[PDB]
Amino acid sequence: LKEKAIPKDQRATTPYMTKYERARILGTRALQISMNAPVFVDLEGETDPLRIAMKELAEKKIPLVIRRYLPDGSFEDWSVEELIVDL
Amino acid sequence: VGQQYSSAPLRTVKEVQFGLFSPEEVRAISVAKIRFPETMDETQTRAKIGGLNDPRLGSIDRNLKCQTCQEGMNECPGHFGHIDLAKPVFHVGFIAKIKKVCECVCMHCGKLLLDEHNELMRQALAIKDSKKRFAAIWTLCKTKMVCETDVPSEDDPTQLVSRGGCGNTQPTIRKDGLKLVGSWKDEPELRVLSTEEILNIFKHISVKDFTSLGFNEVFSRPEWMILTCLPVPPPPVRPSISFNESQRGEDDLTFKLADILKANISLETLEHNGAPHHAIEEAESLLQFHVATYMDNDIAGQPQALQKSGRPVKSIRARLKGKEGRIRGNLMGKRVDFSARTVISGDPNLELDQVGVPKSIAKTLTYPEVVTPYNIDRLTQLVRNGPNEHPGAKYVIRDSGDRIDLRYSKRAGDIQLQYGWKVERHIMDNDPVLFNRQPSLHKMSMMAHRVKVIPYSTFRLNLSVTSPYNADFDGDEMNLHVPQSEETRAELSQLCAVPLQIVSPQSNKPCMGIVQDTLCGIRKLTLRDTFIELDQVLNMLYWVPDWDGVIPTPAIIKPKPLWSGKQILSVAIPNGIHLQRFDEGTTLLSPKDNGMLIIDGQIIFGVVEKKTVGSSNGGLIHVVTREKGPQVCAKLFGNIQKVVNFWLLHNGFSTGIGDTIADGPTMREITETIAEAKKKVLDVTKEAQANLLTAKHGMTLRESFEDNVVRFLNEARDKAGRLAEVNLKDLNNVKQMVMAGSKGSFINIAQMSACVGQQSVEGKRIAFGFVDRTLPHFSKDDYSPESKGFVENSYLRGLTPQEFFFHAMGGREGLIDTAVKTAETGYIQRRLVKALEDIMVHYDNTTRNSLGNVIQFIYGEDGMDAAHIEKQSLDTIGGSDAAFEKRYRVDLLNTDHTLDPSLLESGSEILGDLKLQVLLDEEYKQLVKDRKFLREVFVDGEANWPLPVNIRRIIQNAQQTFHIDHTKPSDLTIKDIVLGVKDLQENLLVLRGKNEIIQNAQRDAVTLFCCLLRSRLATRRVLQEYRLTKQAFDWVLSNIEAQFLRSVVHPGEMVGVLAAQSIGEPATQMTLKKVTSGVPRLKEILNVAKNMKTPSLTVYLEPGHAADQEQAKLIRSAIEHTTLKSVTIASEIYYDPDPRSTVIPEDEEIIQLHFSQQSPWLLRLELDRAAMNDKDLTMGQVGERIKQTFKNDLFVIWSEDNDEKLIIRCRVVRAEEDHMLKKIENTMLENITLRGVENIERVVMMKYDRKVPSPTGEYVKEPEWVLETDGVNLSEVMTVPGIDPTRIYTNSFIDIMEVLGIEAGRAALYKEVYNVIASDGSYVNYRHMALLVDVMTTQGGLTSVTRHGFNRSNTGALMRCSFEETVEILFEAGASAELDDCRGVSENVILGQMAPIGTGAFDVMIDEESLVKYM
Amino acid sequence: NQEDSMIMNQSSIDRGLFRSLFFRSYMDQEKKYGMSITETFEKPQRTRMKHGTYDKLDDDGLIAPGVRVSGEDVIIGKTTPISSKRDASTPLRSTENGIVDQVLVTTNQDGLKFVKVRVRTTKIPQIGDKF
Amino acid sequence: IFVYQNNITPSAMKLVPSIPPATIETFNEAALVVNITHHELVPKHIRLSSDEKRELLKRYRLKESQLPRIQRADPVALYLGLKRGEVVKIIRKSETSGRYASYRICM
RNA sequence: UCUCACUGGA
Ligand SMILES: [Mg+2]
Ligand SMILES: [Zn+2]
Ligand SMILES: [Zn+2]
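Encoded structure:
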């Protein structure tokens, strides 16, 4: 159906991130990085893809979309950038 | 996996659907023509019998013809056979359902017996629940047993609504194994029920019959419930085994199939030819029995069919029932690759996230990383070094899944690494891996640490991570799992490393700390005497791995540079710290240096001990982790470890027998103290000889003597232990270890010096295994403590052999309890895990199961995490009325509630203003309504409570940053203080929907924390004592908002499994008025079964009066159960033939008293003087009770109480009266109540406390009476007037639910479980048990924690099946053909996907536009 | 010495402290069918197949009882035809290595040419060992 | 309201499913001698209307089935007179969050 | 070539 996407108002989830979402984002961007992707920020002479992904996610610079599965089977989408990585 | 990549579309599973075969479907599927019972190797040659295995079924290596599905042994699923069952046979597990469905049908037609002609059948067909619906229909169709053709409907009786006819009678069939006897029943008509007859009946049972019987005519066919074509598994299910040549050793299922096919030939040849109608009946039963014993061999056909050479059978119910079974052995966690297991060893020179791997593991543990241009030089250098060194390479996996095997060929320095390949490099440093020790018990039972390759093959760990692993260095073993993909490494490194785990969710404390040697060393070090020279300060300051290079100023420079080594410890502690403890009389002038004070890494005063650097509630490690974070905590451990390491290496700490021996005259005092203890036991024994012992209620004279002996003995033991402990001086090293808290206790030094004490077995002291004596060296009938198990001397002087035998018993008891409690706590652990496995917390902060059933609305009622929750105090809940008004009350229009202008710079102009006075009286009335609310919530009123982020810490952090000088008044605006309070009160977003349900939920959730926050950031607090600035206030509110919205619960934690493990840990630490606890209590509560071994309850007195003893005696007398056995000795039938004057001279006066119509049978009952003073029972009350309880055939006659025999004469009031009268007087003696309700056993009159708020403002520990009793009948003990029935308490939760409603039953379950766990002394968080208790009381009753309840709930099949009920519930879900949603953890474990939870609880999708944007 | 572990003078371990020999023995059988068929212990070759090096064998597939053994040596040479020559030798122990010590060439009550090997192996007290 | 002193015949209970909608109660005098909501472990129960049930099930993305349940013969449910299909709010005290809402269907 | 039995350690 896809009759199940809330628009970007009244989003009941957080404007933060979680540790688990953070983990999957870091791992997924790391999987691209170690799978020979175009990087977006400069290397600090760094071949350490976990540290590379942490450098990228320091400034909301990782091109991905999160699908938070709502608790009935519907979902919202989420930009990576509008979150707050405060922790 | 999967060479020759192809074009099939790929997905993951969403449907698990069950159901039964058609025989025609098996004929559609299979490619078999199975008739040869001879198996394989046609004429004993390496070739293919086409009857069994390979009629183009699966073949083995080097012989590939598998109907072109060759593929070797791998890469080819096998294919299925079939069986031409001529006579139809049963399916063995389905036979119970077959009986329960043949009770519902008229035979030879197929029609339902009982239809919508019946009102109860009509109302019971409305159940849209298949299993319980068929259960109710089976209960209705066991009622009437004859097909009724003309049926009266539910309108009127005289008209007869017809249906299908054929009014035959249904015979009562009772089960006999493979035989179901049909005895039609006048005329007992025992008939063997034909499989062909019931075949035709089920072939005639119809559409509405199935669907109204809860079954699926699409899938679930009870006429498919009968085996008539059986498919045959391939050799890729049943393999073959050789002795280097195929001589002996084929497979058991192969020979079962050859057996059943031989039995099939036996049934074949007697139907293909002549028919013995009493011996062709066994031509089937052989085939039926063999195909039935194939799938199951625990049947009531008790011949096991024990196969040859002593090995009985190999069947599929035995294959599938778990614990080395198929499901539980190969599907929920198996033996793995990329594995490493060795012994462990310690070192403190490594660090907290480091583990020392042996070099030869590093030569064989490896990692397949892809060819990367970022270190192509180093990776090609590794493959140039080769597989025969440390920095080498093992394989070069090519681009399409092709392993280059290096060393066995001739070119170990071969090809440059092509882009797209995978070099299988060995382990290098700083790839952190998984590292676990079995048993696994909690979140912390696995962790991750970086690699530091070493020689000398052990596994290292730092010595303060060996505490939460619960390992030790006795060679206890730990495993090593190396993660494999890039994102796997990312996941483990970003979550499962130790500094992320440090604060523990178990009971919200730190789980690590500082342990024995480092601990006692830091205990000796921070003593004030530890003066240090110059170059050693230089050496330790290099030893700290992150010195600032600053040589600190020496605190003593008088001539000479010295140091009070607390200061050089303070250079290890990083910045921004405070702590304060105030132990007993520590008011800033400590004559003991006990307590603490830290500023920013300057120890002001105090020793360092376990309650600072260990695992403690106000832990310094806790404060370090909260104020900075995990990596600063990780460096804290390294600093304190290596600093105290070097100081211990060049000071030393020893111990020995000099720490054990006390001084001479004090050992003399010890021995005379135990002598006066034996003087006390000698006096009370000689008082027992005179038998004058006032036994208090609860126990007899002997046990009332026993408790006094045990109490006086152990009281003397611990008094002598205190005498020893204060004898000893500072140089007692074991006393120094005691004040360290590394090992031992005051009891340990008491045992090693003063006396051993008291041995025991099973709670008692030593009882006579012989008669009258424990040992032949003792007299008979000794209740001296020396035979009853006292031991006189400590370990120093020794063991006389009687004491040695007592102590050998006291230790072997402990080995009994470990060797049984490991088994039962392991079962209770695995039961609680498999119960609460799937309860996660979803994005709207609500708690759900596998099937979307909502369990908790907000987790822990706030969404506050056990990974964060601290303990802070209240301030409002105490205080007097006038003191609290002086404390928080602000007014300018009064005398003393004014402010001082030394706090507020604008304190002059503020005066008298109502435009602020209304706000101040708003806030004060707000907090007084809050005070009433807190005393509504917490009845006692203790103040330390599990709450989130510490207000008190955060304002004192702002103090020690922004340099509050307490002389200048502050620039803070009072309206700004009140507005900031209000704005942050409306800021704590946990729920994020904008309507009234969500807003009421958010306010009601964080109500108590907001009460705390306003009680703290009240006006007189923030002015008078915290004294902030504008910048301090704004930074404080920014920090409260920041860390509160950081410490809100995230979504995705498997809070169920983590809750199960956190209640399953402290059950392990348990050991064993006499009311039980421990693993029997836990098993009685989780297995909720009714036969509980101590069902006690408690009542209180009337709420009017306080502690009135006469009235408490009245209540316990009015409740106290009283029968005639309790009051009688001599129940006598006489025959006094004169029923107007007694032939016994004791009772002359009484008949002419009574006459101021009978029998000559004198019926005499004695009462004793003991019982009618045990209860306040009047003889006239008793006689009138006998009167008003019989009232039919007896003339009641009393006696005199003032005369000391109490005789109940009776006769009979209108000869064969005694033959029934003896059973009648039995029924008098033991079947008639006299007081109270039944099950009112031993009633204990206790004077407990009553921690109440005062009628003047403060708290009061008040005295009252609270009774104790050990029965249960809650409805009847409740209704008795004279109690406090709003505050009654029982443990018996079944009666508590059925008397006071399911939610109160849940809450009493909770208080019961929490108190009987924390009676041990241990602690756990509220919320884990909260989740557990709610899943107990969610389905409506009290679901027992076993296979009686939740694993009999309506949830998913494959999630339900993995608690040892495999055949039963699998055949069940095949009978009802269920759809399992694949929304379950164990389901995705079984089927091999990502588990749909946590870091599997979302998707990740690539954006198209930001890809264009970021360049 | 945190958590009871003990610390060792390595020099006395050179001097002999807790030094120890270790004696495991083997078996091998020229097997016996029911039809009186005897098997053979002789030096095997390629004529279930291994690839172990024959470098320390004897005339009859044995190993001389005074030689250092290592790696994956073939322990007892054994052959058996059916009326071919199989790889019925048994290779070395993957978990231990040492010196072959003592070989006796015996039989049973019914004449199976039975040869045995005991192994000696020195063992020094290394760090991950339990005391 | 129908209140027996000690017994009501079980065969007399075959007259109960008779007419919609007026329903006859059945109560022990002795069991109701003290209140079964005055007890301090019993949390206060509050009813719901059906449009607010629609409100709740649209707010929480829920249905009839996914809810925490109760049985009809529950003692305080018969104290409140609760029939098949309703929703009852339960507002209970606690420790770590002060107050918390609880919802029970009545199947 | 493994099934089972019995020891052994935590
Ligand atoms: Mg151990
Ligand atoms: Zn095939
Ligand atoms: Zn019929």
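Chains as they are written, first to last, in the entry's author numbering: chain F, 69 to 155; chain A, 2 to 186, 195 to 1081, 1092 to 1175, 1187 to 1244, 1254 to 1454; chain B, 834 to 880, 884 to 919, 933 to 980; chain E, 109 to 215.
Ideal Cβ placement from N, Cα and C applies to all residues, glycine included.
In chain F, which residues lie less than 8 Å from residue i when you measure between Cβ atoms?
i                 : result
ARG162 of chain E : What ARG162 of chain E touches in chain F: nothing, since even the nearest Cβ is about 16 Å away.
Return the first residue and the last residue of the alpha helix (DSSP H) that residue i is part of.
i                       : result
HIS1258 of chain A      : 1257-1269
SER1056 of chain A      : 1039-1056
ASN54 of chain A        : Here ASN54 of chain A belongs to no alpha helix (DSSP H), and DSSP marks it neither H nor E.
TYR84 of chain F        : Where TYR84 of chain F is concerned, there is no enclosing alpha helix (DSSP H), given that its DSSP letter is neither H nor E.
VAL184 of chain E       : 183-188
residue 1474 of chain A : Because chain A spans 2 through 1454 in this model, residue 1474 of chain A falls outside it and cannot be assessed.
For the beta strand (DSSP E) containing residue i, name the first residue and the last one.
i                  : result
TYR1298 of chain A : 1298-1300
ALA349 of chain A  : 348-351
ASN445 of chain A  : 442-445
I believe residue i touches residue j by the beta-carbon criterion, under 8 Å. Please report the beta-carbon distance rounded to the nearest angstrom.
i                  : j                  : result
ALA1416 of chain A : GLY20 of chain A   : 4 Å
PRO514 of chain A  : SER859 of chain A  : Wrong, their Cβ atoms sit about 23 Å apart, outside the cutoff.
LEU901 of chain A  : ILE919 of chain A  : 7 Å
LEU943 of chain A  : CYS1019 of chain A : Actually they are not in contact, since the Cβ atoms of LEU943 of chain A and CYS1019 of chain A sit about 12 Å apart, beyond 8 Å.
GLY977 of chain B  : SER466 of chain A  : 6 Å
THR1095 of chain A : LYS1109 of chain A : About 16 Å; that fails the 8 Å criterion.
Could you give the DSSP three-state label for residue i: helix, strand or coil?
i                  : result
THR145 of chain E  : coil
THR856 of chain A  : strand
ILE1436 of chain A : coil
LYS171 of chain E  : coil
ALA506 of chain A  : strand
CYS529 of chain A  : helix
At 8 Å on the CB atoms, spell out the chain A contacts of residue i, in chain order.
i                 : result
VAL150 of chain E : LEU1339, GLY1340, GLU1342, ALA1343
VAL133 of chain F : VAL1443, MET1444, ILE1445, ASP1446
Name the chain E residues that come within less than 7 Å of residue i, Cβ to Cβ?
i                  : result
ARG1326 of chain A : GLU148
Residue i versus chain F: which residues are under 9 Å apart at the beta carbon?
i                  : result
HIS1059 of chain A : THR82, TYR84, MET85, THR86, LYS87, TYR88, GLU89
So residue i contacts chain E; which residues on that side make the cut at Cβ distance below 8 Å?
i                 : result
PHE866 of chain A : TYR208, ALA209, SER210, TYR211
What does residue i reach in chain B if we use C-beta pairs closer than 9 Å?
i                  : result
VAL1355 of chain A : The premise fails here: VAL1355 of chain A is roughly 32 Å from chain B at the closest Cβ pair, so nothing lies under 9 Å.
Q) Using a beta-carbon distance cut-off of less than 7 Å, what residues from the segment 868-897 of chain A approach chain E? A) For the segment 868-897 of chain A, which is checked against every Cβ of chain E, the residues closer than 7 Å are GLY869, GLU870, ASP871, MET873.
Q. For the segment 504-525 of chain A, which residues have a CB atom closer than 9 Å to at least one CB atom of chain B, in sequence order?
A. Answer in chain order: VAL524, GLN525.
Q: Please name the residues in the segment 276-306 of chain A whose beta-carbon is closer than 7 Å to at least one beta-carbon of chain F, in chain order.
A: Nothing from the segment 276-306 of chain A brings a Cβ to less than 7 Å from some Cβ of chain F.
Q: Could you run through the segment 134-148 of chain F and flag, in chain order, every residue whose CB is less than 9 Å away from some CB of chain E?
A: So the list reads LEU138, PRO139, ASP140, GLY141, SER142, given in the order they occur along the chain.
Q) Going along the segment 1010-1022 of chain A in order, which residues come within less than 8 Å of chain E, judged by CB to CB distance? A) Answer set for the segment 1010-1022 of chain A: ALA1010, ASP1013, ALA1014, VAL1015, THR1016, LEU1017, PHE1018, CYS1020.
**Q.** Under 7 Å (Cβ pairs) to chain B, residues found in the segment 458-473 of chain A
**A.** Listed by position along the chain: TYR465, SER466, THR467, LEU472.
Q) Just by C-beta distance, which residues in the segment 1273-1305 of chain A are closer than 8 Å to chain E? A) Of all residues in the segment 1273-1305 of chain A, none has a Cβ within less than 8 Å of some Cβ in chain E.
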